[PDB]
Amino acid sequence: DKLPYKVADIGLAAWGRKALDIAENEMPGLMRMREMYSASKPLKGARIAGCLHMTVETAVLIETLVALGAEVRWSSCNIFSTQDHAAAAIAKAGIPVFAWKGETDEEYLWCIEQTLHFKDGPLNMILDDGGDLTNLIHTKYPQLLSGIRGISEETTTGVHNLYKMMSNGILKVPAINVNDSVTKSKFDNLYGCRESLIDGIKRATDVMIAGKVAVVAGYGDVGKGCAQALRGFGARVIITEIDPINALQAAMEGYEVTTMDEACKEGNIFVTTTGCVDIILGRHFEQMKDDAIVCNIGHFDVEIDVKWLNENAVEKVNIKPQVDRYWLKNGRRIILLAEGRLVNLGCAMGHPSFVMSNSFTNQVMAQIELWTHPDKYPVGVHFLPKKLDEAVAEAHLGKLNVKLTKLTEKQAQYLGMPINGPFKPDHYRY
């Protein structure tokens, strides 16, 4: 008496399949995992509950996990990030998915709850982006924890929460931090946002970037990519930071580094990337230039005080889905994107498929590691080995026609490293 899936429109499946066929050819890491492991089925017996943006890319990940032998049930980790044609293709393929663009917060939780129970038992693996599924199980279903072999976690906010859980003695399942694979953090967070931030802003507003002042809160991997994207189209970018190291990086790249208390008077476009609460507040909104565009690209919608806008504006005019224009008591207007939810996925299509192939190849490796070698992973938060990290990058070089050099025997002896790697020490920062 349980729903088999729930999507906006399963009739979108044929279109979704065409988009998936195109994405497969952009995702050689995932396709290589299928080539290597479809016969031996390393994930046989796995029952993976996934909570991760239900996009075309995630659809390719899902079909890879199934090809490797897993049973899978899926929900999205944001109410606006699902791509309904991708969700339809997965549903039509017979995979239980509960995801649509424009869920309410109640429907969102309900969707996660649909992923916990399989035909042959409760979930035994977690694949999470942001930690909502991990937190749901630990807080509300602790009786299921003993039956879960592992968690792999995708994003900075989610891994931050895992480390907090472990330090507070709350974590009861081994986890792999996928965010901090080199081939994830230094690629997805940086080059992904470099493309998908502007895509979200443009699809929402069609605003010209050239000539504008853009304020980017945070200069971590996401903020570095956002800043570079904006500068590239001719915006003057101002950075805010709490970390003196990241601040010094930004200054050395030619950006003005100042506080939001100052920058709010200058910005035409505001992008929050911090993963922290209370970044853009009423006192900032009241000082902004007319028709300032405000958005967030951090995981949770905690950075922008949207409640202040709802409570203090004279009127909110909906322009189109996920674009609202508020008229303030000072007579100026604020354009808010996706109600403060992650803008690249909420207003566009998130990262393009090629860079997601890096992140998702790491996810498949982590699921295989946790499922097939649980003795290597006690309760705690672990990284994938560098040799596997390198292997992810290597799997994407051929698509780009990169010709990698091989060390000679003499060179490898000189450097004291193996010809096949790893090539860097554990502390290397790339």
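Numbering starts at 1 and runs along the sequence shown.
A.B. asks: Return whichever of 89 to 97 and 247 to 255 has the greater mean Cα B factor according to the PDB record.
C.D. replies: Higher mean C-alpha B-factor in the PDB entry: 89 to 97.
A.B. asks: Using the B-factors recorded in the PDB entry, average over the C-alpha atoms of 394 to 402 and of 375 to 383, then report which stretch comes out higher.
C.D. replies: Higher mean C-alpha B-factor in the PDB entry: 375 to 383.
A.B. asks: Check the PDB entry and point out which of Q322, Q143, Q228, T272 has the largest C-alpha temperature factor.
C.D. replies: That would be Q143.
A.B. asks: Out of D206, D261, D120, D291, which residue has the highest Cα temperature factor in the PDB record?
C.D. replies: The record points to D120.
A.B. asks: Going by the CA temperature factor in the PDB record, which third of the chain does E35 belong to: lowest, middle or highest?
C.D. replies: Its C-alpha B-factor belongs to the highest third of this chain's values.
A.B. asks: Please say which third, lowest, middle or highest, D188 falls into when its CA temperature factor is compared across its chain.
C.D. replies: It falls in the bottom third of the chain.
A.B. asks: Where does the C-alpha B-factor of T157 rank in its chain, lowest, middle or highest third?
C.D. replies: According to the entry, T157 has a C-alpha B-factor in the chain's middle third.
A.B. asks: Going by the entry, which third of its chain does the Cα temperature factor of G234 land in?
C.D. replies: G234: CA B-factor falls in the lowest third of its chain.
A.B. asks: Would you mind ranking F423 by its C-alpha B-factor against the rest of the chain and naming the third, lowest, middle or highest?
C.D. replies: Within its chain, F423 is a middle-third residue by C-alpha B-factor, going by the deposited values.
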